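Listing of entry.pdb, PDB, C-alpha atoms
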ATOM      1  CA  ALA A   1      29.358  54.234 -17.636  1.00  0.00           C
ATOM      2  CA  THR A   2      30.768  57.733 -17.410  1.00  0.00           C
ATOM      3  CA  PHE A   3      31.557  59.411 -14.115  1.00  0.00           C
ATOM      4  CA  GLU A   4      32.434  63.060 -14.029  1.00  0.00           C
ATOM      5  CA  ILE A   5      34.460  63.841 -10.921  1.00  0.00           C
ATOM      6  CA  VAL A   6      34.391  67.517 -10.019  1.00  0.00           C
ATOM      7  CA  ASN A   7      36.479  69.259  -7.371  1.00  0.00           C
ATOM      8  CA  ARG A   8      34.417  72.203  -6.088  1.00  0.00           C
ATOM      9  CA  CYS A   9      36.667  72.464  -3.049  1.00  0.00           C
ATOM     10  CA  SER A  10      38.886  75.520  -2.684  1.00  0.00           C
ATOM     11  CA  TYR A  11      41.878  73.193  -2.307  1.00  0.00           C
ATOM     12  CA  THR A  12      43.450  70.608  -4.611  1.00  0.00           C
ATOM     13  CA  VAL A  13      42.371  67.051  -4.177  1.00  0.00           C
ATOM     14  CA  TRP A  14      43.708  63.964  -5.781  1.00  0.00           C
ATOM     15  CA  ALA A  15      40.766  61.889  -6.943  1.00  0.00           C
ATOM     16  CA  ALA A  16      41.038  58.124  -6.877  1.00  0.00           C
ATOM     17  CA  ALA A  17      38.906  55.413  -8.436  1.00  0.00           C
ATOM     18  CA  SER A  18      39.426  51.721  -7.750  1.00  0.00           C
ATOM     19  CA  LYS A  19      37.577  48.447  -7.446  1.00  0.00           C
ATOM     20  CA  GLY A  20      40.038  47.197  -4.799  1.00  0.00           C
ATOM     21  CA  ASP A  21      42.190  44.942  -6.976  1.00  0.00           C
ATOM     22  CA  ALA A  22      42.482  47.267  -9.994  1.00  0.00           C
ATOM     23  CA  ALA A  23      42.317  50.917 -11.000  1.00  0.00           C
ATOM     24  CA  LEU A  24      39.184  52.236 -12.616  1.00  0.00           C
ATOM     25  CA  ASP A  25      40.256  54.195 -15.682  1.00  0.00           C
ATOM     26  CA  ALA A  26      43.553  55.904 -14.878  1.00  0.00           C
ATOM     27  CA  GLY A  27      42.958  55.273 -11.150  1.00  0.00           C
ATOM     28  CA  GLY A  28      43.812  58.757  -9.925  1.00  0.00           C
ATOM     29  CA  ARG A  29      44.469  62.329 -10.933  1.00  0.00           C
ATOM     30  CA  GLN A  30      45.112  65.712  -9.495  1.00  0.00           C
ATOM     31  CA  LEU A  31      42.070  68.008  -9.497  1.00  0.00           C
ATOM     32  CA  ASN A  32      42.731  71.660  -8.817  1.00  0.00           C
ATOM     33  CA  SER A  33      39.796  73.718  -7.551  1.00  0.00           C
ATOM     34  CA  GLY A  34      37.123  73.680 -10.194  1.00  0.00           C
ATOM     35  CA  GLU A  35      38.622  70.923 -12.349  1.00  0.00           C
ATOM     36  CA  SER A  36      36.530  68.056 -13.688  1.00  0.00           C
ATOM     37  CA  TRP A  37      37.821  64.622 -14.625  1.00  0.00           C
ATOM     38  CA  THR A  38      35.732  62.283 -16.747  1.00  0.00           C
ATOM     39  CA  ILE A  39      36.321  58.571 -16.365  1.00  0.00           C
ATOM     40  CA  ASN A  40      34.818  55.536 -17.988  1.00  0.00           C
ATOM     41  CA  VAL A  41      33.882  52.601 -15.789  1.00  0.00           C
ATOM     42  CA  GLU A  42      33.285  49.219 -17.387  1.00  0.00           C
ATOM     43  CA  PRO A  43      29.664  48.005 -17.211  1.00  0.00           C
ATOM     44  CA  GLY A  44      29.178  45.313 -14.618  1.00  0.00           C
ATOM     45  CA  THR A  45      31.793  46.827 -12.306  1.00  0.00           C
ATOM     46  CA  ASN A  46      31.015  45.584  -8.818  1.00  0.00           C
ATOM     47  CA  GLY A  47      32.385  47.273  -5.661  1.00  0.00           C
ATOM     48  CA  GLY A  48      33.871  50.403  -7.276  1.00  0.00           C
ATOM     49  CA  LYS A  49      34.793  53.353  -5.094  1.00  0.00           C
ATOM     50  CA  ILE A  50      35.744  56.942  -5.727  1.00  0.00           C
ATOM     51  CA  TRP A  51      37.329  59.134  -3.090  1.00  0.00           C
ATOM     52  CA  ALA A  52      39.422  62.240  -2.666  1.00  0.00           C
ATOM     53  CA  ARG A  53      42.872  62.322  -1.202  1.00  0.00           C
ATOM     54  CA  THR A  54      44.271  65.419   0.478  1.00  0.00           C
ATOM     55  CA  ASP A  55      47.717  66.862   0.909  1.00  0.00           C
ATOM     56  CA  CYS A  56      49.529  64.656  -1.540  1.00  0.00           C
ATOM     57  CA  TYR A  57      53.102  64.836  -2.811  1.00  0.00           C
ATOM     58  CA  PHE A  58      54.082  62.773  -5.798  1.00  0.00           C
ATOM     59  CA  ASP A  59      57.319  62.626  -7.781  1.00  0.00           C
ATOM     60  CA  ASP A  60      57.528  62.452 -11.589  1.00  0.00           C
ATOM     61  CA  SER A  61      57.048  58.643 -11.424  1.00  0.00           C
ATOM     62  CA  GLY A  62      53.601  59.031  -9.673  1.00  0.00           C
ATOM     63  CA  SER A  63      54.960  57.779  -6.332  1.00  0.00           C
ATOM     64  CA  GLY A  64      54.482  59.661  -3.097  1.00  0.00           C
ATOM     65  CA  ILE A  65      52.235  60.129  -0.061  1.00  0.00           C
ATOM     66  CA  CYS A  66      48.856  61.652   0.827  1.00  0.00           C
ATOM     67  CA  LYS A  67      47.642  62.576   4.315  1.00  0.00           C
ATOM     68  CA  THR A  68      44.174  61.101   3.642  1.00  0.00           C
ATOM     69  CA  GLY A  69      43.155  58.275   1.324  1.00  0.00           C
ATOM     70  CA  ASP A  70      46.669  57.240   0.306  1.00  0.00           C
ATOM     71  CA  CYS A  71      46.527  54.083  -1.859  1.00  0.00           C
ATOM     72  CA  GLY A  72      49.991  52.571  -1.276  1.00  0.00           C
ATOM     73  CA  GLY A  73      51.846  55.732  -2.287  1.00  0.00           C
ATOM     74  CA  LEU A  74      50.611  55.817  -5.921  1.00  0.00           C
ATOM     75  CA  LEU A  75      48.999  58.644  -7.867  1.00  0.00           C
ATOM     76  CA  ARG A  76      47.131  56.053  -9.905  1.00  0.00           C
ATOM     77  CA  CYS A  77      45.383  53.916  -7.344  1.00  0.00           C
ATOM     78  CA  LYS A  78      45.001  50.172  -7.865  1.00  0.00           C
ATOM     79  CA  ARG A  79      43.894  49.540  -4.301  1.00  0.00           C
ATOM     80  CA  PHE A  80      41.577  51.279  -1.857  1.00  0.00           C
ATOM     81  CA  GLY A  81      42.805  54.198   0.160  1.00  0.00           C
ATOM     82  CA  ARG A  82      43.805  54.560   3.777  1.00  0.00           C
ATOM     83  CA  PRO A  83      41.063  56.040   6.032  1.00  0.00           C
ATOM     84  CA  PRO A  84      39.776  58.525   6.613  1.00  0.00           C
ATOM     85  CA  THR A  85      37.980  58.614   3.268  1.00  0.00           C
ATOM     86  CA  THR A  86      34.475  59.686   2.419  1.00  0.00           C
ATOM     87  CA  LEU A  87      33.451  57.016  -0.103  1.00  0.00           C
ATOM     88  CA  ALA A  88      31.298  57.061  -3.213  1.00  0.00           C
ATOM     89  CA  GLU A  89      30.449  53.409  -3.759  1.00  0.00           C
ATOM     90  CA  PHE A  90      28.844  51.723  -6.683  1.00  0.00           C
ATOM     91  CA  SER A  91      27.954  48.457  -8.292  1.00  0.00           C
ATOM     92  CA  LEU A  92      26.863  48.740 -11.899  1.00  0.00           C
ATOM     93  CA  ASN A  93      24.585  46.577 -14.071  1.00  0.00           C
ATOM     94  CA  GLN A  94      23.652  44.183 -11.284  1.00  0.00           C
ATOM     95  CA  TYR A  95      20.623  42.358 -12.695  1.00  0.00           C
ATOM     96  CA  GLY A  96      19.511  45.437 -14.621  1.00  0.00           C
ATOM     97  CA  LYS A  97      20.143  47.975 -11.857  1.00  0.00           C
ATOM     98  CA  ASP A  98      22.949  50.217 -10.617  1.00  0.00           C
ATOM     99  CA  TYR A  99      23.413  50.711  -6.873  1.00  0.00           C
ATOM    100  CA  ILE A 100      25.076  53.788  -5.423  1.00  0.00           C
ATOM    101  CA  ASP A 101      25.772  55.047  -1.926  1.00  0.00           C
ATOM    102  CA  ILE A 102      27.990  57.264   0.102  1.00  0.00           C
ATOM    103  CA  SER A 103      29.677  55.707   3.081  1.00  0.00           C
ATOM    104  CA  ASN A 104      31.345  57.031   6.209  1.00  0.00           C
ATOM    105  CA  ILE A 105      32.295  53.520   7.336  1.00  0.00           C
ATOM    106  CA  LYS A 106      35.937  54.377   6.613  1.00  0.00           C
ATOM    107  CA  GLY A 107      35.609  57.843   8.013  1.00  0.00           C
ATOM    108  CA  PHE A 108      35.275  61.197   6.357  1.00  0.00           C
ATOM    109  CA  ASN A 109      37.776  63.557   4.807  1.00  0.00           C
ATOM    110  CA  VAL A 110      36.038  65.636   2.141  1.00  0.00           C
ATOM    111  CA  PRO A 111      32.293  66.455   1.674  1.00  0.00           C
ATOM    112  CA  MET A 112      30.753  64.797  -1.342  1.00  0.00           C
ATOM    113  CA  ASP A 113      27.672  64.662  -3.536  1.00  0.00           C
ATOM    114  CA  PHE A 114      27.109  61.595  -5.665  1.00  0.00           C
ATOM    115  CA  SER A 115      24.337  62.123  -8.220  1.00  0.00           C
ATOM    116  CA  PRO A 116      23.161  60.501 -11.477  1.00  0.00           C
ATOM    117  CA  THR A 117      23.490  62.691 -14.537  1.00  0.00           C
ATOM    118  CA  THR A 118      20.886  60.518 -16.300  1.00  0.00           C
ATOM    119  CA  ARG A 119      17.196  60.107 -15.387  1.00  0.00           C
ATOM    120  CA  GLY A 120      15.460  57.811 -12.952  1.00  0.00           C
ATOM    121  CA  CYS A 121      16.941  58.080  -9.444  1.00  0.00           C
ATOM    122  CA  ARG A 122      18.092  60.672  -6.889  1.00  0.00           C
ATOM    123  CA  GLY A 123      21.569  61.465  -5.635  1.00  0.00           C
ATOM    124  CA  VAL A 124      23.018  61.327  -2.154  1.00  0.00           C
ATOM    125  CA  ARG A 125      25.174  63.767  -0.331  1.00  0.00           C
ATOM    126  CA  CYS A 126      27.226  64.097   2.794  1.00  0.00           C
ATOM    127  CA  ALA A 127      28.175  67.745   3.023  1.00  0.00           C
ATOM    128  CA  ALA A 128      28.224  68.564   6.729  1.00  0.00           C
ATOM    129  CA  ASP A 129      31.327  69.742   8.526  1.00  0.00           C
ATOM    130  CA  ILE A 130      32.223  66.368   9.951  1.00  0.00           C
ATOM    131  CA  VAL A 131      35.883  67.269  10.311  1.00  0.00           C
ATOM    132  CA  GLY A 132      35.131  70.409  12.312  1.00  0.00           C
ATOM    133  CA  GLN A 133      32.700  68.614  14.642  1.00  0.00           C
ATOM    134  CA  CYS A 134      34.689  65.342  14.787  1.00  0.00           C
ATOM    135  CA  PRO A 135      34.935  63.824  18.315  1.00  0.00           C
ATOM    136  CA  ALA A 136      38.418  64.264  19.742  1.00  0.00           C
ATOM    137  CA  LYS A 137      39.261  60.545  19.778  1.00  0.00           C
ATOM    138  CA  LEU A 138      38.393  60.130  16.094  1.00  0.00           C
ATOM    139  CA  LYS A 139      40.269  63.202  14.792  1.00  0.00           C
ATOM    140  CA  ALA A 140      43.018  62.201  12.413  1.00  0.00           C
ATOM    141  CA  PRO A 141      46.198  64.399  12.698  1.00  0.00           C
ATOM    142  CA  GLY A 142      46.606  64.362   8.908  1.00  0.00           C
ATOM    143  CA  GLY A 143      43.116  65.790   8.501  1.00  0.00           C
ATOM    144  CA  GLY A 144      39.843  63.987   8.540  1.00  0.00           C
ATOM    145  CA  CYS A 145      37.616  62.188  10.982  1.00  0.00           C
ATOM    146  CA  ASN A 146      38.279  58.497  11.332  1.00  0.00           C
ATOM    147  CA  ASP A 147      35.676  55.869  11.897  1.00  0.00           C
ATOM    148  CA  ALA A 148      35.721  54.005  15.198  1.00  0.00           C
ATOM    149  CA  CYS A 149      36.721  50.655  13.649  1.00  0.00           C
ATOM    150  CA  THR A 150      39.904  52.190  12.238  1.00  0.00           C
ATOM    151  CA  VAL A 151      40.799  53.791  15.568  1.00  0.00           C
ATOM    152  CA  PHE A 152      39.796  51.183  18.144  1.00  0.00           C
ATOM    153  CA  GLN A 153      39.785  47.869  16.214  1.00  0.00           C
ATOM    154  CA  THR A 154      37.008  46.191  18.238  1.00  0.00           C
ATOM    155  CA  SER A 155      34.510  43.579  17.079  1.00  0.00           C
ATOM    156  CA  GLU A 156      31.694  45.989  17.869  1.00  0.00           C
ATOM    157  CA  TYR A 157      32.966  48.915  15.804  1.00  0.00           C
ATOM    158  CA  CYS A 158      34.237  46.708  12.982  1.00  0.00           C
ATOM    159  CA  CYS A 159      31.162  44.424  13.052  1.00  0.00           C
ATOM    160  CA  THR A 160      33.519  41.463  12.848  1.00  0.00           C
ATOM    161  CA  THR A 161      30.977  38.899  14.087  1.00  0.00           C
ATOM    162  CA  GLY A 162      28.310  40.210  11.708  1.00  0.00           C
ATOM    163  CA  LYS A 163      26.372  41.293  14.792  1.00  0.00           C
ATOM    164  CA  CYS A 164      26.923  44.850  15.960  1.00  0.00           C
ATOM    165  CA  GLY A 165      24.787  47.848  16.770  1.00  0.00           C
ATOM    166  CA  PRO A 166      25.087  51.590  16.329  1.00  0.00           C
ATOM    167  CA  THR A 167      27.556  53.292  18.684  1.00  0.00           C
ATOM    168  CA  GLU A 168      28.177  56.752  20.026  1.00  0.00           C
ATOM    169  CA  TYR A 169      30.659  57.164  17.201  1.00  0.00           C
ATOM    170  CA  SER A 170      28.490  55.833  14.386  1.00  0.00           C
ATOM    171  CA  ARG A 171      25.657  58.046  15.612  1.00  0.00           C
ATOM    172  CA  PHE A 172      27.839  61.134  15.214  1.00  0.00           C
ATOM    173  CA  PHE A 173      28.364  60.369  11.517  1.00  0.00           C
ATOM    174  CA  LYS A 174      24.699  59.522  11.108  1.00  0.00           C
ATOM    175  CA  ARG A 175      23.460  62.698  12.789  1.00  0.00           C
ATOM    176  CA  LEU A 176      25.552  64.881  10.452  1.00  0.00           C
ATOM    177  CA  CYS A 177      25.033  62.729   7.335  1.00  0.00           C
ATOM    178  CA  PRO A 178      21.863  60.655   7.517  1.00  0.00           C
ATOM    179  CA  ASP A 179      22.135  59.573   3.886  1.00  0.00           C
ATOM    180  CA  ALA A 180      25.522  57.944   4.310  1.00  0.00           C
ATOM    181  CA  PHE A 181      26.341  54.583   5.864  1.00  0.00           C
ATOM    182  CA  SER A 182      27.612  55.139   9.393  1.00  0.00           C
ATOM    183  CA  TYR A 183      28.508  51.543  10.316  1.00  0.00           C
ATOM    184  CA  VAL A 184      28.554  48.182   8.583  1.00  0.00           C
ATOM    185  CA  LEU A 185      24.971  47.183   9.524  1.00  0.00           C
ATOM    186  CA  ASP A 186      23.375  50.575   9.183  1.00  0.00           C
ATOM    187  CA  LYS A 187      19.930  50.659   7.566  1.00  0.00           C
ATOM    188  CA  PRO A 188      20.967  50.860   3.884  1.00  0.00           C
ATOM    189  CA  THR A 189      20.996  54.242   2.207  1.00  0.00           C
ATOM    190  CA  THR A 190      21.727  52.607  -1.145  1.00  0.00           C
ATOM    191  CA  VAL A 191      20.015  54.195  -4.124  1.00  0.00           C
ATOM    192  CA  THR A 192      18.760  52.044  -6.972  1.00  0.00           C
ATOM    193  CA  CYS A 193      19.261  53.578 -10.377  1.00  0.00           C
ATOM    194  CA  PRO A 194      18.586  52.265 -13.892  1.00  0.00           C
ATOM    195  CA  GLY A 195      21.307  49.982 -15.208  1.00  0.00           C
ATOM    196  CA  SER A 196      23.925  51.906 -17.201  1.00  0.00           C
ATOM    197  CA  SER A 197      23.233  55.292 -15.591  1.00  0.00           C
ATOM    198  CA  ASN A 198      25.957  57.955 -15.672  1.00  0.00           C
ATOM    199  CA  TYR A 199      27.063  59.911 -12.665  1.00  0.00           C
ATOM    200  CA  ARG A 200      28.799  62.936 -11.203  1.00  0.00           C
ATOM    201  CA  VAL A 201      30.793  62.965  -8.005  1.00  0.00           C
ATOM    202  CA  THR A 202      31.297  66.428  -6.640  1.00  0.00           C
ATOM    203  CA  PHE A 203      33.736  67.166  -3.865  1.00  0.00           C
ATOM    204  CA  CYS A 204      32.725  70.079  -1.622  1.00  0.00           C
ATOM    205  CA  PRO A 205      29.301  70.397  -3.259  1.00  0.00           C
ATOM    206  CA  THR A 206      28.035  73.367  -1.165  1.00  0.00           C
TER
END

What does this structure look like when you write it as structure tokens?
Amino acid sequence: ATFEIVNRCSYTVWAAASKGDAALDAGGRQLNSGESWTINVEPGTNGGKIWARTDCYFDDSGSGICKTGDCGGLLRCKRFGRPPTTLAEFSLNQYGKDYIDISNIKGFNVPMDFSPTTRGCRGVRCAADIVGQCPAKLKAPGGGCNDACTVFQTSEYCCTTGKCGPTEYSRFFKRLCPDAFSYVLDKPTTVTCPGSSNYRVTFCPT
């Protein structure tokens, strides 16, 4: 499947793409404002994520640090990134269907639209100013708005027992971005698309 990753933000982001135990395609790249990066994701990829990282410094070996979404100090991510990270999530070719969502379960750093470029389903977006409105206790100094699980590490926020409800914090994310997951057991906002769809992830869509 092809994913075009577009940075519409006015600032540079460093895109990342991983399935947790491996890079997808090159795994990461710098995107200046306006740049587009086209990656190929193997059919049948399960549990892929794309995110933006902000305020990164990397040396000529591709080693360094980002203030949001850092994936163990690498430009080319093999692993998932450190919160806060707005997440585009997908599982492809799962019994004939692709499943896509945006998630705020690991917080929010950059607004995002995640849309098919082929026919047969709708996209999802979380484009509100979550960082600006972020509750004081969830504000990350590096930038971004952390989720409550990351900050407080309780069973309730992290849904460790598999039983948990919405919280004051999850409801903040949900009020600003209804079409994104706000906690682990949120009513799913997954979109079902035809198997083998292609997609575009746009940072700062509006």

Explicit residues for the PyMOL selection byres ((chain A and resi 44) around 7) (as a PyMOL selection string) = chain A and resi 42-43+45-46+92-94

Name all residues at most 9 Å from residue 134 of chain A (count only C-alpha atoms; drop same-chain ones fewer than 6 positions away) and give them as a ChimeraX atom specification.
-> /A:144-146,172-173

Identify which of the residues A:206, A:176, A:95, A:105 lies closest to residue 158 of chain A, counting only C-alpha atoms when measuring atom-to-atom distances.
-> A:105

Identify all residues satisfying the PyMOL selection byres ((chain A and resi 16-19) around 8) in the given file; provide them as a list in words.
->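 Given this file, the PyMOL selection byres ((chain A and resi 16-19) around 8) evaluates to residues 14, 15, 20, 21, 22, 23, 24, 25, 26, 27, 28, 29, 45, 46, 47, 48, 49, 50, 51, 52, 53, 76, 77, 78, 79 and 80 of chain A.
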
At most 12 Å from (25.8, 58.8, -1.2), file frame, all atoms listed in the file: which residues, as a PyMOL selection string?
-> chain A and resi 49-51+86-90+99-105+111-116+122-127+177-182+188-192+199-203

For residue 13 of chain A, which residue among A:1, A:70, A:62, A:107 is the nearest when counting only C-alpha atoms?
-> A:70

Step by step, work through what the PyMOL selection byres ((chain A and resi 165) around 10) selects in the shown file, and finish by giving those residues as a list in words.
->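 So the PyMOL selection byres ((chain A and resi 165) around 10), applied here, picks out residues 156, 157, 159, 162, 163, 164, 166, 167, 170, 183, 184, 185 and 186 of chain A.
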
Extract, using only C-alpha atoms, all DNA, RNA and protein residues at most 9 Å from residue 66 of chain A, discarding same-chain residues fewer than 2 positions from it, and format them as a ChimeraX atom specification.
-> /A:14,53-58,64,68-71,73,142

Those same residues - C-alpha atoms - I'd like them written as a PDB file, keeping the file's coordinate frame.
ATOM      1  CA  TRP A  14      43.708  63.964  -5.781  1.00  0.00           C
ATOM      2  CA  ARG A  53      42.872  62.322  -1.202  1.00  0.00           C
ATOM      3  CA  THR A  54      44.271  65.419   0.478  1.00  0.00           C
ATOM      4  CA  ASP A  55      47.717  66.862   0.909  1.00  0.00           C
ATOM      5  CA  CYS A  56      49.529  64.656  -1.540  1.00  0.00           C
ATOM      6  CA  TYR A  57      53.102  64.836  -2.811  1.00  0.00           C
ATOM      7  CA  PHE A  58      54.082  62.773  -5.798  1.00  0.00           C
ATOM      8  CA  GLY A  64      54.482  59.661  -3.097  1.00  0.00           C
ATOM      9  CA  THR A  68      44.174  61.101   3.642  1.00  0.00           C
ATOM     10  CA  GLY A  69      43.155  58.275   1.324  1.00  0.00           C
ATOM     11  CA  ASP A  70      46.669  57.240   0.306  1.00  0.00           C
ATOM     12  CA  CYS A  71      46.527  54.083  -1.859  1.00  0.00           C
ATOM     13  CA  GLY A  73      51.846  55.732  -2.287  1.00  0.00           C
ATOM     14  CA  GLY A 142      46.606  64.362   8.908  1.00  0.00           C
TER      15      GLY A 142
END

List every protein, DNA or RNA residue that has an atom no more than 6 Å from (19.6, 50.7, -14.8) in the file's coordinate frame, counting all atoms listed in the file, and report them as a PDB file with C-alpha atoms, in the coordinates of the input.
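Result file follows (part-v1.pdb):
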ATOM      1  CA  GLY A  96      19.511  45.437 -14.621  1.00  0.00           C
ATOM      2  CA  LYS A  97      20.143  47.975 -11.857  1.00  0.00           C
ATOM      3  CA  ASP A  98      22.949  50.217 -10.617  1.00  0.00           C
ATOM      4  CA  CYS A 193      19.261  53.578 -10.377  1.00  0.00           C
ATOM      5  CA  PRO A 194      18.586  52.265 -13.892  1.00  0.00           C
ATOM      6  CA  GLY A 195      21.307  49.982 -15.208  1.00  0.00           C
ATOM      7  CA  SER A 196      23.925  51.906 -17.201  1.00  0.00           C
ATOM      8  CA  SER A 197      23.233  55.292 -15.591  1.00  0.00           C
TER       9      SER A 197
END

Go ahead and compute the interatomic distance for atom CA of residue 83 of chain A and atom CA of residue 198 of chain A, in Å to one decimal.
->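 Distance between the two atoms: 26.5 Å.
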
Quick one: of A:61, A:205, A:108, A:10, who's nearest to residue 140 of chain A, counting all atoms listed in the file?
->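 Using all atoms listed in the file, the shortest distance to residue 140 of chain A belongs to A:108.
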
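Distances here use only C-alpha atoms; by that measure, the residue among A:59, A:169, A:148, A:4 closest to residue 41 of chain A is A:4.
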
Can you tell me, as AutoDock Vina command-line options, the centre and edge lengths (Å, one decimal) of the axis-aligned box enclosing all of segment 103-112 of chain A's listed atoms after padding each side by 8 Å?
--center_x 33.7 --center_y 60.0 --center_z 3.3 --size_x 24.1 --size_y 28.9 --size_z 25.4

One-decimal distance in Å that lies between atom CA of residue 65 of chain A and atom CA of residue 12 of chain A = 14.4 Å

Quick one: distance from atom CA of residue 39 of chain A to atom CA of residue 5 of chain A in Å, one decimal?
->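 Computing the Euclidean distance for atom CA of residue 39 of chain A and atom CA of residue 5 of chain A yields 7.8 Å.
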
May I ask which of the residues A:31, A:6, A:75, A:204 is the closest one to residue 110 of chain A, counting only C-alpha atoms?
->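 Closest residue, counting only C-alpha atoms: A:204.
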
So, counting only C-alpha atoms, which residue among A:137, A:67, A:119, A:174 is closest to residue 150 of chain A?
->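 Looking at the shortest contact to residue 150 of chain A, the residue is A:137.
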